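Next comes protein_32.pdb, with PDB, C-alpha atoms (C1' of nucleotides).
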ATOM      1  CA  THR V  29     114.066  98.689  77.055
ATOM      2  CA  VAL V  30     117.399  97.990  75.364
ATOM      3  CA  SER V  31     117.909  94.347  74.406
ATOM      4  CA  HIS V  32     120.117  92.345  72.048
ATOM      5  CA  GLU V  33     120.121  88.973  73.856
ATOM      6  CA  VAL V  34     119.471  90.159  77.428
ATOM      7  CA  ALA V  35     116.200  91.998  78.010
ATOM      8  CA  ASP V  36     116.524  94.732  80.638
ATOM      9  CA  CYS V  37     113.716  96.880  82.056
ATOM     10  CA  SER V  38     115.332  98.022  85.301
ATOM     11  CA  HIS V  39     114.189 101.285  86.935
ATOM     12  CA  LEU V  40     111.973 102.163  83.960
ATOM     13  CA  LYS V  41     108.696 102.504  85.941
ATOM     14  CA  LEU V  42     106.807  99.905  83.904
ATOM     15  CA  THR V  43     103.150  99.205  84.707
ATOM     16  CA  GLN V  44     102.509  96.497  82.097
ATOM     17  CA  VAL V  45     104.942  94.178  80.334
ATOM     18  CA  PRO V  46     105.983  95.261  76.815
ATOM     19  CA  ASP V  47     104.646  93.386  73.799
ATOM     20  CA  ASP V  48     107.394  94.254  71.257
ATOM     21  CA  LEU V  49     110.436  92.053  71.928
ATOM     22  CA  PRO V  50     112.097  89.234  69.969
ATOM     23  CA  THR V  51     110.504  85.834  70.490
ATOM     24  CA  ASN V  52     113.806  83.996  71.072
ATOM     25  CA  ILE V  53     114.830  85.989  74.162
ATOM     26  CA  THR V  54     116.069  83.821  77.034
ATOM     27  CA  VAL V  55     116.219  86.211  80.019
ATOM     28  CA  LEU V  56     113.741  89.055  80.577
ATOM     29  CA  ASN V  57     114.244  91.440  83.513
ATOM     30  CA  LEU V  58     111.686  93.858  84.993
ATOM     31  CA  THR V  59     113.210  94.561  88.400
ATOM     32  CA  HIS V  60     112.232  97.728  90.313
ATOM     33  CA  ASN V  61     108.729  98.177  88.873
ATOM     34  CA  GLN V  62     105.006  98.156  89.808
ATOM     35  CA  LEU V  63     103.527  95.330  87.768
ATOM     36  CA  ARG V  64     100.445  95.190  89.992
ATOM     37  CA  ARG V  65      99.185  92.177  88.040
ATOM     38  CA  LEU V  66     101.115  89.824  85.746
ATOM     39  CA  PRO V  67      98.533  88.432  83.305
ATOM     40  CA  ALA V  68      99.470  85.249  81.480
ATOM     41  CA  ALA V  69      97.655  86.404  78.327
ATOM     42  CA  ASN V  70     100.447  88.888  77.543
ATOM     43  CA  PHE V  71     103.058  86.098  77.354
ATOM     44  CA  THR V  72     101.744  84.316  74.252
ATOM     45  CA  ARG V  73     104.602  85.866  72.267
ATOM     46  CA  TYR V  74     107.121  85.117  75.047
ATOM     47  CA  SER V  75     107.608  81.339  74.984
ATOM     48  CA  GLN V  76     111.405  80.933  74.722
ATOM     49  CA  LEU V  77     112.456  82.383  78.089
ATOM     50  CA  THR V  78     114.734  80.665  80.606
ATOM     51  CA  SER V  79     115.088  83.275  83.376
ATOM     52  CA  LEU V  80     112.415  85.734  84.559
ATOM     53  CA  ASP V  81     113.572  88.419  87.009
ATOM     54  CA  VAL V  82     110.384  90.224  88.044
ATOM     55  CA  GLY V  83     111.544  91.097  91.548
ATOM     56  CA  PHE V  84     111.233  94.364  93.481
ATOM     57  CA  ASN V  85     107.691  94.850  92.168
ATOM     58  CA  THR V  86     104.093  94.917  93.419
ATOM     59  CA  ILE V  87     102.569  91.609  92.289
ATOM     60  CA  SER V  88      99.871  90.510  94.728
ATOM     61  CA  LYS V  89      99.217  86.913  93.648
ATOM     62  CA  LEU V  90     100.150  84.605  90.783
ATOM     63  CA  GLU V  91      98.229  82.289  88.459
ATOM     64  CA  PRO V  92      98.998  78.743  87.257
ATOM     65  CA  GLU V  93      98.713  79.757  83.596
ATOM     66  CA  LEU V  94     101.810  81.982  83.803
ATOM     67  CA  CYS V  95     104.370  79.191  83.430
ATOM     68  CA  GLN V  96     102.160  77.007  81.235
ATOM     69  CA  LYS V  97     103.415  79.090  78.297
ATOM     70  CA  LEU V  98     107.047  78.680  79.430
ATOM     71  CA  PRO V  99     108.349  75.109  78.978
ATOM     72  CA  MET V 100     112.020  76.093  79.284
ATOM     73  CA  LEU V 101     111.832  78.617  82.144
ATOM     74  CA  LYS V 102     114.507  77.756  84.691
ATOM     75  CA  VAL V 103     114.963  80.834  86.910
ATOM     76  CA  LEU V 104     111.993  82.529  88.604
ATOM     77  CA  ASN V 105     112.768  85.586  90.754
ATOM     78  CA  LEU V 106     110.034  87.111  92.947
ATOM     79  CA  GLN V 107     112.043  89.250  95.367
ATOM     80  CA  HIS V 108     110.253  92.012  97.305
ATOM     81  CA  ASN V 109     106.638  91.387  96.301
ATOM     82  CA  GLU V 110     103.325  90.687  98.054
ATOM     83  CA  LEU V 111     103.006  86.969  97.194
ATOM     84  CA  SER V 112     101.646  86.059 100.622
ATOM     85  CA  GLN V 113      99.477  83.182  99.326
ATOM     86  CA  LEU V 114     100.689  79.876  97.880
ATOM     87  CA  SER V 115      98.749  76.953  96.421
ATOM     88  CA  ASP V 116      99.416  73.474  95.073
ATOM     89  CA  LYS V 117      98.774  74.704  91.515
ATOM     90  CA  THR V 118     100.950  77.835  91.777
ATOM     91  CA  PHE V 119     104.037  75.965  90.510
ATOM     92  CA  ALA V 120     102.369  72.860  89.074
ATOM     93  CA  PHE V 121     102.823  72.921  85.290
ATOM     94  CA  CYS V 122     106.331  74.411  85.343
ATOM     95  CA  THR V 123     108.818  71.889  86.743
ATOM     96  CA  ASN V 124     112.040  72.737  84.858
ATOM     97  CA  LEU V 125     112.909  75.536  87.300
ATOM     98  CA  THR V 126     116.290  75.259  89.024
ATOM     99  CA  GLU V 127     116.126  78.675  90.720
ATOM    100  CA  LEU V 128     113.257  80.182  92.701
ATOM    101  CA  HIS V 129     113.694  83.285  94.867
ATOM    102  CA  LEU V 130     110.969  84.309  97.316
ATOM    103  CA  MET V 131     112.804  86.901  99.407
ATOM    104  CA  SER V 132     110.678  89.446 101.300
ATOM    105  CA  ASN V 133     107.207  88.403 100.128
ATOM    106  CA  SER V 134     105.663  88.617 103.635
ATOM    107  CA  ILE V 135     104.673  84.953 103.387
ATOM    108  CA  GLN V 136     102.891  83.990 106.600
ATOM    109  CA  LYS V 137     102.314  80.225 106.494
ATOM    110  CA  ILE V 138     102.773  77.339 104.083
ATOM    111  CA  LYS V 139      99.336  75.760 104.008
ATOM    112  CA  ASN V 140      99.516  72.295 102.414
ATOM    113  CA  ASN V 141     101.850  71.639  99.458
ATOM    114  CA  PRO V 142     103.453  74.261  97.175
ATOM    115  CA  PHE V 143     106.575  72.410  95.993
ATOM    116  CA  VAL V 144     105.920  68.729  95.149
ATOM    117  CA  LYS V 145     105.124  69.352  91.472
ATOM    118  CA  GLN V 146     108.768  70.302  90.745
ATOM    119  CA  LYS V 147     111.705  67.924  91.163
ATOM    120  CA  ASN V 148     114.580  69.675  89.337
ATOM    121  CA  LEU V 149     114.699  72.700  91.658
ATOM    122  CA  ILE V 150     118.186  73.467  92.985
ATOM    123  CA  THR V 151     118.024  76.742  94.943
ATOM    124  CA  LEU V 152     115.039  77.809  97.050
ATOM    125  CA  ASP V 153     114.977  81.192  98.793
ATOM    126  CA  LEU V 154     112.517  82.184 101.527
ATOM    127  CA  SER V 155     114.387  85.027 103.230
ATOM    128  CA  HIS V 156     112.736  87.938 105.065
ATOM    129  CA  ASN V 157     109.432  86.084 105.470
ATOM    130  CA  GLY V 158     106.963  85.657 108.312
ATOM    131  CA  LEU V 159     107.366  81.892 108.544
ATOM    132  CA  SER V 160     107.529  80.427 112.049
ATOM    133  CA  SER V 161     108.004  76.752 111.108
ATOM    134  CA  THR V 162     110.211  75.012 108.550
ATOM    135  CA  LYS V 163     107.295  72.903 107.260
ATOM    136  CA  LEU V 164     107.010  73.233 103.475
ATOM    137  CA  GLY V 165     104.819  70.206 102.775
ATOM    138  CA  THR V 166     103.346  66.948 104.007
ATOM    139  CA  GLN V 167     105.129  64.213 102.037
ATOM    140  CA  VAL V 168     108.767  64.047 100.887
ATOM    141  CA  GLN V 169     109.876  66.128  97.900
ATOM    142  CA  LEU V 170     112.694  68.357  96.587
ATOM    143  CA  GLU V 171     115.009  65.440  95.844
ATOM    144  CA  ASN V 172     117.411  67.547  93.756
ATOM    145  CA  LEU V 173     117.272  70.558  96.100
ATOM    146  CA  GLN V 174     120.699  71.767  97.232
ATOM    147  CA  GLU V 175     120.290  75.385  98.385
ATOM    148  CA  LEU V 176     117.754  76.495 101.001
ATOM    149  CA  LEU V 177     117.528  79.975 102.537
ATOM    150  CA  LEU V 178     115.186  80.844 105.419
ATOM    151  CA  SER V 179     116.952  83.869 106.911
ATOM    152  CA  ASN V 180     115.219  86.765 108.696
ATOM    153  CA  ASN V 181     112.145  84.687 109.536
ATOM    154  CA  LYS V 182     110.161  84.366 112.781
ATOM    155  CA  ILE V 183     111.108  80.754 113.545
ATOM    156  CA  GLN V 184     111.551  80.023 117.254
ATOM    157  CA  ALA V 185     111.777  76.213 117.211
ATOM    158  CA  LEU V 186     113.443  73.672 114.921
ATOM    159  CA  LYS V 187     111.443  70.477 115.389
ATOM    160  CA  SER V 188     112.342  67.054 114.018
ATOM    161  CA  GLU V 189     108.957  66.457 112.371
ATOM    162  CA  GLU V 190     109.237  69.759 110.494
ATOM    163  CA  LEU V 191     112.166  68.433 108.418
ATOM    164  CA  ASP V 192     110.956  64.906 107.605
ATOM    165  CA  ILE V 193     110.573  66.068 103.976
ATOM    166  CA  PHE V 194     114.345  66.120 103.353
ATOM    167  CA  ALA V 195     114.934  62.433 104.121
ATOM    168  CA  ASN V 196     116.294  61.947 100.575
ATOM    169  CA  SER V 197     117.749  65.374  99.757
ATOM    170  CA  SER V 198     121.385  66.507  99.636
ATOM    171  CA  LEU V 199     121.442  69.973 101.214
ATOM    172  CA  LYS V 200     124.632  72.053 101.092
ATOM    173  CA  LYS V 201     123.284  75.192 102.819
ATOM    174  CA  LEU V 202     120.672  75.727 105.549
ATOM    175  CA  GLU V 203     120.474  79.499 105.910
ATOM    176  CA  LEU V 204     118.558  80.143 109.142
ATOM    177  CA  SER V 205     120.073  83.520 110.010
ATOM    178  CA  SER V 206     118.400  86.247 112.094
ATOM    179  CA  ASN V 207     115.780  83.823 113.470
ATOM    180  CA  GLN V 208     115.335  83.512 117.241
ATOM    181  CA  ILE V 209     115.446  79.729 117.560
ATOM    182  CA  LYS V 210     115.691  78.719 121.221
ATOM    183  CA  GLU V 211     114.801  75.000 121.184
ATOM    184  CA  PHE V 212     116.392  72.047 119.379
ATOM    185  CA  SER V 213     114.626  68.717 118.945
ATOM    186  CA  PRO V 214     116.491  65.389 118.874
ATOM    187  CA  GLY V 215     116.847  63.963 115.388
ATOM    188  CA  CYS V 216     116.018  67.293 113.734
ATOM    189  CA  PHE V 217     119.105  67.147 111.509
ATOM    190  CA  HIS V 218     119.244  63.344 111.336
ATOM    191  CA  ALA V 219     115.957  63.547 109.422
ATOM    192  CA  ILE V 220     117.803  65.474 106.700
ATOM    193  CA  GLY V 221     119.222  63.165 104.042
ATOM    194  CA  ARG V 222     122.618  64.784 103.415
ATOM    195  CA  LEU V 223     123.405  67.927 105.421
ATOM    196  CA  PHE V 224     126.630  69.630 104.332
ATOM    197  CA  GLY V 225     126.379  73.198 105.628
ATOM    198  CA  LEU V 226     124.601  75.064 108.424
ATOM    199  CA  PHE V 227     124.470  78.861 108.649
ATOM    200  CA  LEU V 228     123.159  80.422 111.862
ATOM    201  CA  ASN V 229     124.530  83.962 111.666
ATOM    202  CA  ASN V 230     123.064  86.639 113.963
ATOM    203  CA  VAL V 231     121.140  83.970 115.921
ATOM    204  CA  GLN V 232     121.253  84.192 119.718
ATOM    205  CA  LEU V 233     122.197  80.752 121.066
ATOM    206  CA  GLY V 234     124.613  81.224 123.945
ATOM    207  CA  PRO V 235     127.207  78.698 125.122
ATOM    208  CA  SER V 236     124.737  76.114 126.450
ATOM    209  CA  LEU V 237     122.561  76.184 123.327
ATOM    210  CA  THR V 238     125.715  75.929 121.205
ATOM    211  CA  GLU V 239     126.663  72.788 123.141
ATOM    212  CA  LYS V 240     123.198  71.337 122.521
ATOM    213  CA  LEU V 241     123.594  72.285 118.852
ATOM    214  CA  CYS V 242     126.880  70.371 118.605
ATOM    215  CA  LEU V 243     125.246  67.385 120.310
ATOM    216  CA  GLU V 244     122.489  67.542 117.687
ATOM    217  CA  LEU V 245     125.156  67.481 114.947
ATOM    218  CA  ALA V 246     126.437  64.111 116.179
ATOM    219  CA  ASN V 247     126.856  61.437 113.483
ATOM    220  CA  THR V 248     126.169  63.562 110.397
ATOM    221  CA  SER V 249     128.014  64.706 107.267
ATOM    222  CA  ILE V 250     128.204  68.455 107.983
ATOM    223  CA  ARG V 251     131.128  70.246 106.327
ATOM    224  CA  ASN V 252     130.578  73.925 107.163
ATOM    225  CA  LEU V 253     129.147  75.605 110.262
TER
ATOM    226  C1'   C N   1      -2.481  74.232 126.849
ATOM    227  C1'   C N   2       3.530  72.227 126.619
ATOM    228  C1'   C N   3       8.500  69.317 125.522
ATOM    229  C1'   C N   4      11.497  66.456 122.080
ATOM    230  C1'   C N   5      13.673  65.166 117.247
ATOM    231  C1'   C N   6      15.204  66.501 112.182
ATOM    232  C1'   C N   7      16.761  70.748 108.287
ATOM    233  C1'   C N   8      17.978  75.277 105.854
ATOM    234  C1'   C N   9      20.172  80.004 106.266
ATOM    235  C1'   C N  10      22.951  83.564 108.928
ATOM    236  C1'   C N  11      25.940  84.747 113.292
ATOM    237  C1'   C N  12      29.726  85.079 117.350
ATOM    238  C1'   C N  13      34.065  82.981 120.068
ATOM    239  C1'   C N  14      38.195  79.560 120.135
ATOM    240  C1'   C N  15      42.539  75.957 117.876
ATOM    241  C1'   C N  16      45.188  74.458 113.274
ATOM    242  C1'   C N  17      46.975  75.347 108.298
ATOM    243  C1'   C N  18      48.110  78.433 104.001
ATOM    244  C1'   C N  19      48.646  83.365 101.913
ATOM    245  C1'   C N  20      50.241  88.434 101.129
ATOM    246  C1'   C N  21      52.428  93.229 103.610
ATOM    247  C1'   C N  22      55.731  95.184 107.161
ATOM    248  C1'   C N  23      59.117  95.538 111.400
ATOM    249  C1'   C N  24      63.356  93.886 114.358
ATOM    250  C1'   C N  25      67.651  90.902 114.647
ATOM    251  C1'   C N  26      71.130  87.921 112.148
ATOM    252  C1'   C N  27      73.908  85.513 107.999
ATOM    253  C1'   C N  28      76.427  85.837 103.106
ATOM    254  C1'   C N  29      78.381  88.858  99.192
ATOM    255  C1'   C N  30      79.675  93.572  97.225
ATOM    256  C1'   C N  31      80.652  98.915  97.407
ATOM    257  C1'   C N  32      82.190 103.616  99.854
ATOM    258  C1'   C N  33      84.793 106.222 103.794
ATOM    259  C1'   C N  34      88.236 106.501 108.065
ATOM    260  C1'   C N  35      92.416 104.566 110.932
ATOM    261  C1'   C N  36      96.941 101.388 111.614
ATOM    262  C1'   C N  37     101.000  98.621 109.470
ATOM    263  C1'   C N  38     104.032  97.127 105.315
ATOM    264  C1'   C N  39     106.204  96.947 100.126
ATOM    265  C1'   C N  40     107.817  99.353  95.586
ATOM    266  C1'   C N  41     108.823 103.795  92.360
ATOM    267  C1'   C N  42     111.342 107.902  91.708
ATOM    268  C1'   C N  43     113.234 112.995  92.721
ATOM    269  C1'   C N  44     115.930 114.302  96.823
ATOM    270  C1'   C N  45     117.800 117.041 101.781
ATOM    271  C1'   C N  46     121.095 116.472 106.051
ATOM    272  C1'   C N  47     125.363 114.010 108.367
ATOM    273  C1'   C N  48     129.746 110.869 108.401
ATOM    274  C1'   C N  49     133.664 108.090 105.992
ATOM    275  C1'   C N  50     136.797 107.305 101.620
ATOM    276  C1'   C N  51     138.926 109.084  96.961
ATOM    277  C1'   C N  52     140.393 112.895  93.686
ATOM    278  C1'   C N  53     140.648 118.374  91.440
ATOM    279  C1'   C N  54     141.781 123.729  91.876
ATOM    280  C1'   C N  55     143.658 127.877  94.635
ATOM    281  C1'   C N  56     146.321 129.635  98.772
ATOM    282  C1'   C N  57     149.199 129.726 103.355
ATOM    283  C1'   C N  58     153.201 127.925 106.848
ATOM    284  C1'   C N  59     157.640 124.777 107.360
ATOM    285  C1'   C N  60     161.609 122.262 104.970
ATOM    286  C1'   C N  61     165.025 120.748 100.965
ATOM    287  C1'   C N  62     167.892 121.852  96.501
ATOM    288  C1'   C N  63     169.938 125.298  93.046
ATOM    289  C1'   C N  64     171.318 130.046  92.879
ATOM    290  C1'   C N  65     171.906 135.803  92.822
ATOM    291  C1'   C N  66     172.996 140.321  95.614
ATOM    292  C1'   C N  67     174.976 142.588  99.991
ATOM    293  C1'   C N  68     177.762 142.467 104.613
ATOM    294  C1'   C N  69     181.773 140.334 107.791
ATOM    295  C1'   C N  70     186.390 137.555 108.208
ATOM    296  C1'   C N  71     190.921 135.190 106.038
ATOM    297  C1'   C N  72     194.801 134.362 102.237
ATOM    298  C1'   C N  73     197.612 135.517  97.798
ATOM    299  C1'   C N  74     199.722 138.710  93.490
ATOM    300  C1'   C N  75     201.700 143.408  91.714
ATOM    301  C1'   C N  76     203.025 148.823  92.884
ATOM    302  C1'   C N  77     204.951 152.413  96.567
ATOM    303  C1'   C N  78     206.888 154.416 101.394
ATOM    304  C1'   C N  79     208.847 154.520 107.034
ATOM    305  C1'   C N  80     213.151 153.194 110.199
TER
END
Same coordinates, now as structure tokens:
Amino acid sequence: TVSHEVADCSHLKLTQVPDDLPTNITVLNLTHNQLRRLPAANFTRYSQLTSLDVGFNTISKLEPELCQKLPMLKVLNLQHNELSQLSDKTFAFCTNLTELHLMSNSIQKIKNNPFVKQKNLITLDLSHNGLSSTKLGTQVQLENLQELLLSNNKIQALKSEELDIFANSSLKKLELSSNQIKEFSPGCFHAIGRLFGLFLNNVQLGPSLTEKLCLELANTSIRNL
RNA sequence: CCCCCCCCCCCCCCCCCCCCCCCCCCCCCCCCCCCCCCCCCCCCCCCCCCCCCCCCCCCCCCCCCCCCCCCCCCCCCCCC
């Protein structure tokens, strides 16, 4: 685990996090490991981190006390894990995050409300998940959100009520690639506050569905398609 | 030569309630085993593409060297 300012533990087959590192480290990387559990009790010493890349590992579920100890954590990477369950208190105490990757966690459904308790989030990733609807909450949140990725999901319909959350959000990227959406609801994109870019790569529309898509983009601020 | 009415004690049967003890079924939680699917760690094997390295072979170019063939010149000498 070589580290001078950047802490790297890539491809080192770690089972538990190390406990001998400088306190003032900002980024700590443990990609490509098998941290089966990530206890919060081992991070008493680690309280000055900003980015935490713990992706490509085998974490089952997370605890609220993990980011209690981190008041300055800003990047939280959970790529290729088993975090299939989310709760209101999963990301409650930590709200300074501006980056949150959840690619390939086999997330099935968003139950009630995982993302109100943060307002400074910028980029949200939900690629390679089992989501079938774009509903991520009940009320309106993610005011400062700009980047949203939902590629390689199992979404077949893009309903207007599913995007009522983003009535006051400026979104520059809606990554909905590799999802077999076959129905478009009126006002689905008008519910979005500020839509700037739509990405529908590898998605089977056809000419008629493309025409309906363009009709649904009437009177909006889209820049890229 | 008889019936009736009171009372004690002990029975038997029947309905209700409360106890233990057990059986069957079911619920909840936990453990073990088997099967299916998925993720990650490595160490890899096979195939294709791309890039280089060595050696070698064919063809070509350039510079030659030797030999053969042809032509010209210089000097010397004869024939009529």
Distance-based interface of chain V with chain N, 8 Å, counting only C-alpha atoms (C1' of nucleotides), as a ChimeraX atom specification: /V:41,60-62,84-86,108-110
Show me, as a ChimeraX atom specification, the residues that have an atom within 10 Å of residue 135 in chain V when counting all atoms listed in the file, minus same-chain residues fewer than 5 positions from it. /V:109-114,130,154-159,181
Separation of CA of residue 151 in chain V from CA of residue 222 in chain V in Å: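 Calculated distance between CA of residue 222 in chain V and CA of residue 151 in chain V is 15.4 Å.
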Using only C-alpha atoms, find the one residue out of V:226, V:128, V:134, V:187 that sits nearest to residue 211 in chain V.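 Checking each of V:226, V:128, V:134, V:187 against residue 211 in chain V, counting only C-alpha atoms, the winner is V:187.
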Which residues are close to residue 142 in chain V, i.e. within 9 Å by only C-alpha atoms (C1' of nucleotides), leaving aside same-chain residues fewer than 3 positions away? Reply as a VMD selection string. chain V and resid 114 to 120 138 to 139 145 164 to 165
Using the chain letters and residue numbers of this document, give as a PyMOL selection string the residues selected by the PyMOL selection byres ((chain V and resi 246) around 12). chain V and resi 214-218+223+239-245+247-250
How would the residues just chosen look if you wrote them out with C-alpha atoms as an mmCIF file, keeping the file's coordinate frame?
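Result file follows (out.cif):
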data_model
loop_
_atom_site.group_PDB
_atom_site.id
_atom_site.type_symbol
_atom_site.label_atom_id
_atom_site.label_comp_id
_atom_site.auth_asym_id
_atom_site.auth_seq_id
_atom_site.Cartn_x
_atom_site.Cartn_y
_atom_site.Cartn_z
ATOM 1 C CA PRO V 214 116.491 65.389 118.874
ATOM 2 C CA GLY V 215 116.847 63.963 115.388
ATOM 3 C CA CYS V 216 116.018 67.293 113.734
ATOM 4 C CA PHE V 217 119.105 67.147 111.509
ATOM 5 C CA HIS V 218 119.244 63.344 111.336
ATOM 6 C CA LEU V 223 123.405 67.927 105.421
ATOM 7 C CA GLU V 239 126.663 72.788 123.141
ATOM 8 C CA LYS V 240 123.198 71.337 122.521
ATOM 9 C CA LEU V 241 123.594 72.285 118.852
ATOM 10 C CA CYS V 242 126.880 70.371 118.605
ATOM 11 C CA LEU V 243 125.246 67.385 120.310
ATOM 12 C CA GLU V 244 122.489 67.542 117.687
ATOM 13 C CA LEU V 245 125.156 67.481 114.947
ATOM 14 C CA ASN V 247 126.856 61.437 113.483
ATOM 15 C CA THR V 248 126.169 63.562 110.397
ATOM 16 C CA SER V 249 128.014 64.706 107.267
ATOM 17 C CA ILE V 250 128.204 68.455 107.983
#
How would range 159-170 of chain V look with N, CA, C and O atoms restored, written as a PDB file, keeping the file's coordinate frame?
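Result file rebuild_9.pdb:
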ATOM      1  N   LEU V 159     107.497  83.296 108.178  1.00  0.00           N
ATOM      2  CA  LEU V 159     107.366  81.892 108.544  1.00  0.00           C
ATOM      3  C   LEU V 159     107.861  81.657 109.966  1.00  0.00           C
ATOM      4  O   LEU V 159     108.879  82.213 110.389  1.00  0.00           O
ATOM      5  N   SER V 160     107.127  80.825 110.708  1.00  0.00           N
ATOM      6  CA  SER V 160     107.529  80.427 112.049  1.00  0.00           C
ATOM      7  C   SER V 160     107.931  78.965 112.149  1.00  0.00           C
ATOM      8  O   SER V 160     108.523  78.574 113.160  1.00  0.00           O
ATOM      9  N   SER V 161     107.629  78.156 111.137  1.00  0.00           N
ATOM     10  CA  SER V 161     108.004  76.752 111.108  1.00  0.00           C
ATOM     11  C   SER V 161     108.628  76.426 109.759  1.00  0.00           C
ATOM     12  O   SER V 161     108.308  77.048 108.743  1.00  0.00           O
ATOM     13  N   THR V 162     109.524  75.441 109.760  1.00  0.00           N
ATOM     14  CA  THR V 162     110.211  75.012 108.550  1.00  0.00           C
ATOM     15  C   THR V 162     109.430  73.967 107.759  1.00  0.00           C
ATOM     16  O   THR V 162     110.024  73.250 106.946  1.00  0.00           O
ATOM     17  N   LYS V 163     108.121  73.865 107.979  1.00  0.00           N
ATOM     18  CA  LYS V 163     107.295  72.903 107.260  1.00  0.00           C
ATOM     19  C   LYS V 163     106.905  73.480 105.905  1.00  0.00           C
ATOM     20  O   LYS V 163     106.232  74.514 105.834  1.00  0.00           O
ATOM     21  N   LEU V 164     107.327  72.812 104.833  1.00  0.00           N
ATOM     22  CA  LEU V 164     107.010  73.233 103.475  1.00  0.00           C
ATOM     23  C   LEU V 164     106.180  72.202 102.721  1.00  0.00           C
ATOM     24  O   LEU V 164     106.017  72.321 101.502  1.00  0.00           O
ATOM     25  N   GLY V 165     105.640  71.213 103.413  1.00  0.00           N
ATOM     26  CA  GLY V 165     104.819  70.206 102.775  1.00  0.00           C
ATOM     27  C   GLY V 165     104.496  69.090 103.743  1.00  0.00           C
ATOM     28  O   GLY V 165     104.896  69.104 104.907  1.00  0.00           O
ATOM     29  N   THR V 166     103.752  68.112 103.227  1.00  0.00           N
ATOM     30  CA  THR V 166     103.346  66.948 104.007  1.00  0.00           C
ATOM     31  C   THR V 166     104.221  65.736 103.707  1.00  0.00           C
ATOM     32  O   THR V 166     104.805  65.143 104.619  1.00  0.00           O
ATOM     33  N   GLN V 167     104.325  65.359 102.437  1.00  0.00           N
ATOM     34  CA  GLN V 167     105.129  64.213 102.037  1.00  0.00           C
ATOM     35  C   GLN V 167     106.566  64.661 101.772  1.00  0.00           C
ATOM     36  O   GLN V 167     106.971  65.776 102.112  1.00  0.00           O
ATOM     37  N   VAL V 168     107.362  63.780 101.171  1.00  0.00           N
ATOM     38  CA  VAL V 168     108.767  64.047 100.887  1.00  0.00           C
ATOM     39  C   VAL V 168     108.896  64.514  99.442  1.00  0.00           C
ATOM     40  O   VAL V 168     108.296  63.925  98.532  1.00  0.00           O
ATOM     41  N   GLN V 169     109.656  65.584  99.234  1.00  0.00           N
ATOM     42  CA  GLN V 169     109.876  66.128  97.900  1.00  0.00           C
ATOM     43  C   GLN V 169     111.201  66.882  97.898  1.00  0.00           C
ATOM     44  O   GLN V 169     111.968  66.824  98.864  1.00  0.00           O
ATOM     45  N   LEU V 170     111.457  67.602  96.801  1.00  0.00           N
ATOM     46  CA  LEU V 170     112.694  68.357  96.587  1.00  0.00           C
ATOM     47  C   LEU V 170     113.919  67.443  96.676  1.00  0.00           C
ATOM     48  O   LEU V 170     114.838  67.661  97.468  1.00  0.00           O
TER      49      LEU V 170
END
